[PDB]
Amino acid sequence: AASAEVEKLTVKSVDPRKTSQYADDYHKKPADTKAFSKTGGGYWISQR
Amino acid sequence: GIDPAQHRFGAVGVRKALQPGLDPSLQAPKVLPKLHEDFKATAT
Amino acid sequence: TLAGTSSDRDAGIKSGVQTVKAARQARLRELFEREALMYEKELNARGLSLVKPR
Amino acid sequence: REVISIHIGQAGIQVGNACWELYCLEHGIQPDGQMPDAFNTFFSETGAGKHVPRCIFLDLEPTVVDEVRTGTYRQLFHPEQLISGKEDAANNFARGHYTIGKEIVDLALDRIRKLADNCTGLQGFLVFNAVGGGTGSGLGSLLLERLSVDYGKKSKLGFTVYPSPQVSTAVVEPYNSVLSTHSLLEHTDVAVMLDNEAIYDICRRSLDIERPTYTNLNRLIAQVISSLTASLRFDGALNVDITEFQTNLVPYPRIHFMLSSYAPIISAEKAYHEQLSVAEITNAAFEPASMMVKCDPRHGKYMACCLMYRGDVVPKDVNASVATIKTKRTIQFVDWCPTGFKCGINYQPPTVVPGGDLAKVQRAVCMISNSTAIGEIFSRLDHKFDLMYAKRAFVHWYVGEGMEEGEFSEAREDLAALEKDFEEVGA
Amino acid sequence: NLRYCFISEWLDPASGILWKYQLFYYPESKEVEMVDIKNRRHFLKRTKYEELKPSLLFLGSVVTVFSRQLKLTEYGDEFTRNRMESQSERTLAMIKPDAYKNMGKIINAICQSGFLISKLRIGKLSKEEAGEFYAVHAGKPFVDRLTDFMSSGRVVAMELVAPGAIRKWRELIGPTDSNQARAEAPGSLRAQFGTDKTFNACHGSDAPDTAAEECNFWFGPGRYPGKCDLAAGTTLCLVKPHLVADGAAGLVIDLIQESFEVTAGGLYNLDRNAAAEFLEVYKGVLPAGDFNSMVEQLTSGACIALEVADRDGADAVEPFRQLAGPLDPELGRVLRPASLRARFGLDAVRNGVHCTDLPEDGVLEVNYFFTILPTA
Amino acid sequence: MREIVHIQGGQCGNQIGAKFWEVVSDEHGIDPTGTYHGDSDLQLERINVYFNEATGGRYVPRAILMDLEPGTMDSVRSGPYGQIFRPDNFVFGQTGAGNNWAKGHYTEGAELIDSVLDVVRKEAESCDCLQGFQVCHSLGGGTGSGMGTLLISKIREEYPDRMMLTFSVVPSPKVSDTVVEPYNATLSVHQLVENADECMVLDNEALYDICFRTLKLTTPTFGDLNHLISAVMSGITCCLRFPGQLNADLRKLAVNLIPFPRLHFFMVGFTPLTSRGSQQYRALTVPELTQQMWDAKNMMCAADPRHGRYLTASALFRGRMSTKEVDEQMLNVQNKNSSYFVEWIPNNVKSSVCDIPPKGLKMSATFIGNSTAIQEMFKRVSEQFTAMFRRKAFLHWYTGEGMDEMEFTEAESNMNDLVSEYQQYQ
Amino acid sequence: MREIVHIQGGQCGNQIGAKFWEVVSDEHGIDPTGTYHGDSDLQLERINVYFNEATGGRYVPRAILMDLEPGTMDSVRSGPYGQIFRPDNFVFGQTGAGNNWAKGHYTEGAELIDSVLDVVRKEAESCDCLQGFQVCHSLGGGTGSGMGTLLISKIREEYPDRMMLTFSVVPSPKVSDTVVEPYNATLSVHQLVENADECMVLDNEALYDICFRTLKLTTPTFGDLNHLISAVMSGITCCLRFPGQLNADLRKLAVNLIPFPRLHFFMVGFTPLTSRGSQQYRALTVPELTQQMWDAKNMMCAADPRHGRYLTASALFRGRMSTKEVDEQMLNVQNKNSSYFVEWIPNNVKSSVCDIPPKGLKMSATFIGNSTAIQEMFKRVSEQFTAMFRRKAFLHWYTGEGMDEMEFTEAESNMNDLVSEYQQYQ
Ligand SMILES: Nc1nc2c(ncn2[C@@H]2O[C@H](COP(=O)(O)OP(=O)(O)OP(=O)(O)O)[C@@H](O)[C@H]2O)c(=O)[nH]1
Ligand SMILES: Nc1nc2c(ncn2[C@@H]2O[C@H](COP(=O)(O)OP(=O)(O)O)[C@@H](O)[C@H]2O)c(=O)[nH]1
Ligand SMILES: Nc1nc2c(ncn2[C@@H]2O[C@H](COP(=O)(O)OP(=O)(O)O)[C@@H](O)[C@H]2O)c(=O)[nH]1
Ligand SMILES: [Mg+2]
């Protein structure tokens, strides 16, 4: 198994799941949102 | 060992079966073989 | 301040005691997360493991 | 160019609760309301360092609404747009359309008025609801009516969730469905069907989640909606706005029902598995194993299709692929529309949600078609309606609310007219 | 049938009026009943509590029934009188600073030989504080120098309740001259931990009335004499009702006194509203267990709590946490056998000792537990 | 917001209500002293459905006791969570009906019902938006059946737009307390089919069968059976007090379950029920819960569901579960045993999921089936009734108090046309 | 994945199954408390065939014990590896049949078989894809033969598409326990030839002779006999539980060994079996195993195979071997003793290799031969049946319970036509 996934599982071992599905799933850490930028999706076309 | 007069003659909960999370005896062992859990993490 | 006024309960702002209690809970959770990440390695040093929820 | 989005019912506001999560994650907005012009179609910038969405959640039971008022996105909508009633309509079309509607619709449309007034370049509306329930069906139909008499000329994108054939969680949803279509015909402009069992099979087969909750379903539905509006939000090589679906996809004043699909719906390890390119995703967009409505398009003939491409897509290979599609003979078109396609290409790739199940792919496809399998779906619903109505079951709840048998008979013959229209158009 | 009756009083949690609940306890069926003294009406019917030790109930004791802790002020019946005339013998068995360094073994010996500790308190006495004590011995110059010795170290004072309690304690102490006690009986506690006749490790009241007065001096109604709480560099440890009941308090405190300096400790039988506050931060975590169950076990009985401080005086939180080991007794027993939670912690919620967990948190818990609860 | 008031009638109803308020208080985390000491903030948010804060976080139940003997009042101040109640709400007679339906409906009713109507009026107008009323009583007793039944009549005459739940135990011949059980049950049924919206039929026979077989207990005292019915009632009204991924209020459950205005007698069950010796050997999955739900030995009525058909059914799940798993299980059950369900209604099984399990359990269920097998129970009651009525036994204490024979013939008519129409839809 | 449920009937069946589950749990490395403690990962992927994960590594066997007298169940819970079964799987009567086939098939069956059918059903749909059922019972006793036989009939009627193994011991006059042995065996075999898919015949006489000659034991208790039968049963099922260079499932062996629908009575052997004094003096090669395998004194039936011909034969090997050596050894055995094989079927030997040996051994084998020497056993039994039935001894304890005489004549005719067609194909 992936080491990071195993680490995430042992992290979730401590949470009691005493909250609702909504909060437990839609929770976000402040570092989860990346600032907006021109990614390499389809932007190499217009940057010629 | 019976006093013929004072002795009482003749032959003499469900929460525990309902909410077993509180029961201290019925629990997970909480320590398992590493090989077993490494199989389980990919299996389940 | 210790508690809120009458307008705080309507504005939804939590009182001082409530906010300090919540923050304390969460800091504690962080500490125990670190401790669990330590105990997992200490167990795999022996060959045993923690049980993980499903 | 600005568009507002209303959410009616237990299902609609959860789907929207995934949509707005997706939007803030795409535009780099923190859920607390600030960033650390492309957003302008959704978020109005009030004052400074704050963006509030152009939407209204509304429902009659307060439990799911104040679950939002206490969830993570408290600071996004403050508590005055989230309209909440006191008691539920409880799967009762008449109760939602006449009893509680008459007290909630005025406040709702009074709020939507000053939302539109804050807006300046209003494109259209898009609504979110499931027709099986009571609130989403009844007062949704009442709301669409009053909005159509309000503006009329503006496009209304109805993304409805229909009942799946065999997997179903209610009992009277045939009654509520039929009563919903009777108004959804003559009110909305472009109505997109999204069933549940097709999504279940999708996450079972491709994404291989074997225990999927509602979060995963609403997550990928939000991906489809986001892929629909990416042409309005971001600049691409070939942009397509909301007014195009009105012309390109609806050949008749009453035939507006659209099956959606999406590709590549791929997990985090099958992405490394598969070599991703444009030809195969253009293929994968057309097999019934990746459609959002459980129906067989092999049985039907396509009327018109639309293809939203996102990411690393050049136009030569999408042209080559649709050339291969039109020359294949496993699918068939109608003899009316030789130009059966409408491409659209945008530069931004779809984003990932941390804790989600989808990986960061370079490109993606949202297919939206029009066919006659939908005419088959409505007949499937009409049959199971007629069986229960044959014994007059559950009727006394509706009459007890204050409705009668007349609207039942006329909605029945209305769908009968719709069935005739689809079968004559198929010829 | 047999019935033991006591008027107990119970102040409630948010309308201040105290009042008597009279209580009937049946030993044969382990059954407790309650009828309010005022209003002539029943409060609690013939229900099986069976959670109160019959030995534990005595005059002035505090027992919690159905989430209300009501101390038994005094019995009503003369039958109950004779029956509890037997048990309710109280004495003040305080210790001297020379033996304070090894008091864990002493308390172990005490409760393992057989006794009851009702109330326990550690303090440091000022000169006027030691002179307030020993009031009867004011004329003796021997005692006038004793008081200066006594004012030096940290003293411990415990109330012992037992059948024949005054006599058993005057027995187990041994004569005041510890040298002659060493010669006479090695099992005597004074002979075991005594230096000189001038210095005796343990002091025992010789009269019931004298004990009743010194007990009042030490922990009277509003009296909290010689409080000695050092907030800086200290941690809080809770000896739980499990250990209080079984008597492993001596087994734990000597062990922790071996590694750290122990400063301030008391027997606090909390109310539910105090336990909720003290604990309320561990409801987020799942290793601790149900918050409601964990709080319930803590209110189910008396508990000791000591201020632990380290030799170096830098910080005691981390070293004491390594000493305490994991939060679960199973995890401790597997990978930290030297931990005391592993040593005598039964299971998840019946763990032996509770401990502070954060450096920002140690002094907060300590000053709370030793100023806030005690003042109230 | 949505409001439920609770009414307890008769000795059996009062003791059931006592255990019910015990279980509810435990789920919301308030101690018997009336203060809040729970953990999750999900508990604070919907306690207005059952409680009112009085002065500083003190929650009194929104319940009305109703009886005729003080011995019941002692037995409800008996247990803990007994002092939590409302002293004024102890509206209470003094004579005692004593297993006489006429005494509970004509004599003592005339002097007690005005008082209970006033106090229930105060409890109704104390809150803003009523959802419904919830009464717990019996069908065999006198002070429970007749008094509570008139109470139901006067209330439906007062508030005709609110829901009504009635937890009613029904007599069975194997476990039969009194001898006039059919004389009271038939009249209770006669009035309930025209007044109440739906009724949850219970019985002690099935409860003892459960406690013997699946619980493997030794001594199931009455506190246990009341604990089981309490867990059932908490499972029914969990969707109002707790958020879920698919919400189902009381009226929503009623309109999904009741196809005809007279077809509203439900059989109920609960899951999981495990013996403490075999609890460790069992897994916790949705199919594990379903295989015990649809077991006929787990129903709480003396009505074998495989002796008839289901008209509709409902399954309220508690705990974080997979929705796809919920629906596929209901579909598989509906497809395998295809003959045991009614034909002319598609998808007879409505379901709902809540995120909050009961305390101590990881994942629980509550089944409510509106089957046609209830006609067997009404038949086994009506036969006892007509056997006694052919010889007019025990009739004089009833007719001599104000009642007449025509009422008994009307009860026969309504019971009989009722069971004929269940047979019609069978 | 592919699933095998276990059904144990009667006293012998329960004690055999006890040893069987001891040795299987030993192979998969689970301790007698029910948790995993093995070392290799190979054991984990194929415990789903014989177990169900309950909670935290709690693997309960997919077994069902069934009898009529609590002595056997107590002896099951007494020994080790008795604490791992699910107590709900201890489906169990109270009266006791006691060597009366009519008691085991007509009276006590009517109230035990519905219950065992309930639990075996619930245990069948608990898994996804059934491979078949596996029943261990006797043909001499009453509660084993009769009850197990009816269970086989009910099961083959419900799930006719799944495989079925029956390990059945038969009585012999030399080791004779009871008096009604032919009255039991004849009727059970009469029912097995139309219900069971295949049967593995055992007998205590050959086992005693094996422990005398080859094992050279002093006191051959029942523990070792059941120990040998367990090793046989683990040997036949090892293919599913472990990978191998050539895998042979249950249906694969059936279609390889059964040429005609009534020719399905197998005799079994086992290798290696060596005395402890000579345990280290021996070698471990495939020829060494083959010599001990094809020996006539190693069969586990009282039927000398050299008095007949093998219709077919099969050998399942366990351990690291070279299939070239395996196949040439089979070829040598078929070429040398060419008279002992049938002519009109070439290459009468099916083989298979699995790469995991049993615990403590380097290499083992399991022989399954469908020969025609079994007709000696059935003539040996049927002649005793005729000797008793011709003068109607003991007949009335059967006729007085529901059975009639034509059933006995039916079993006679079916036994006779079976042995005649065996003699025909010889
Ligand atoms: N895709 C999706 N569908 C949902 C979700 N929640 C509910 N539904 C569907 O909604 C249909 C019923 O309507 P609901 O939205 O649940 O309830 P409602 O429309 O508000 O009507 P009321 O229950 O009377 O308030 C069901 O058939 C569900 O399949 C969801 O989270 N995602
Ligand atoms: N489950 C349960 N049933 C009860 C209890 N007490 C009485 N009953 C039932 O009530 C029936 C008699 O009705 P009763 O309680 O006397 O009604 P009442 O006289 O009007 O109050 C009997 O058949 C009992 O089975 C109880 O504590 N629990
Ligand atoms: N191998 C073996 N055979 C047994 C054992 N117990 C009994 N038997 C045989 O089984 C026959 C009796 O079967 P029995 O157990 O009485 O069957 P039941 O009465 O129907 O349960 C006897 O001929 C024994 O040889 C055992 O433990 N091992
Ligand atoms: Mg809804």
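All residue numbers given for chain D refer to Swiss-Prot; the residues shown span 2-37, 47-437 in order.
Just so you know, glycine gets a Cβ as well, placed from its N, Cα and C.
Together with D:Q11, D:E71, D:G144, D:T145, D:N206, D:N228, the GTP site in Swiss-Prot holds one more listed residue from D:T170, D:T179, D:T253, which is D:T179. Of all the binding-site residues listed here (D:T145, D:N206), it is D:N206 whose C-beta has the fewest other C-beta atoms within 10 angstroms. Of the residues the record lists as binding GTP, namely D:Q11, D:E71, D:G144, D:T145, D:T179, D:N206, D:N228, the two whose Cα atoms sit farthest apart are 23 Å from each other. Ligand 4 lies under 6 Å from the Cβ of the following recorded positions, listed in sequence order from D:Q11, D:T179, D:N206, D:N228, D:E254: D:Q11. Geometry remark: D:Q11 (GTP binding site) versus D:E254 (active site), CA distance 30 Å. Cα spacing between D:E254 (active site) and D:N228 (GTP binding site): 26 Å, rounded to the nearest whole number.
Checking the recorded positions D:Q11, D:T145, D:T179, D:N206, D:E254 for a CB within less than 6 Å of any atom of ligand 1 leaves D:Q11, D:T145, D:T179, D:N206, listed in sequence order. Counting every protein chain shown, the number of other Cβ atoms lying within 10 Å of the Cβ of D:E254 (active site) is 15.
Cβ neighbours within 10 Å of D:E71 (GTP binding site), excluding its own Cβ and spanning all shown chains: 25. DSSP assigns D:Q11 (GTP binding site) to a helical segment in the three-state reduction. Residues within less than 8 Å, Cβ to Cβ, of D:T179 (GTP binding site) and separated from it by at least 6 positions along the same chain comprise D:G142. The Cβ of D:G144 (GTP binding site) lies under 8 Å from the Cβ of D:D98, D:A99, D:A100, D:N101, D:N102, D:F103, D:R105, D:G106, D:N186, each of these being in the same chain and 6 or more residues away along the sequence. A sphere of 10 angstroms centred on the C-beta of D:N228 (GTP binding site) encloses 21 other C-beta atoms.
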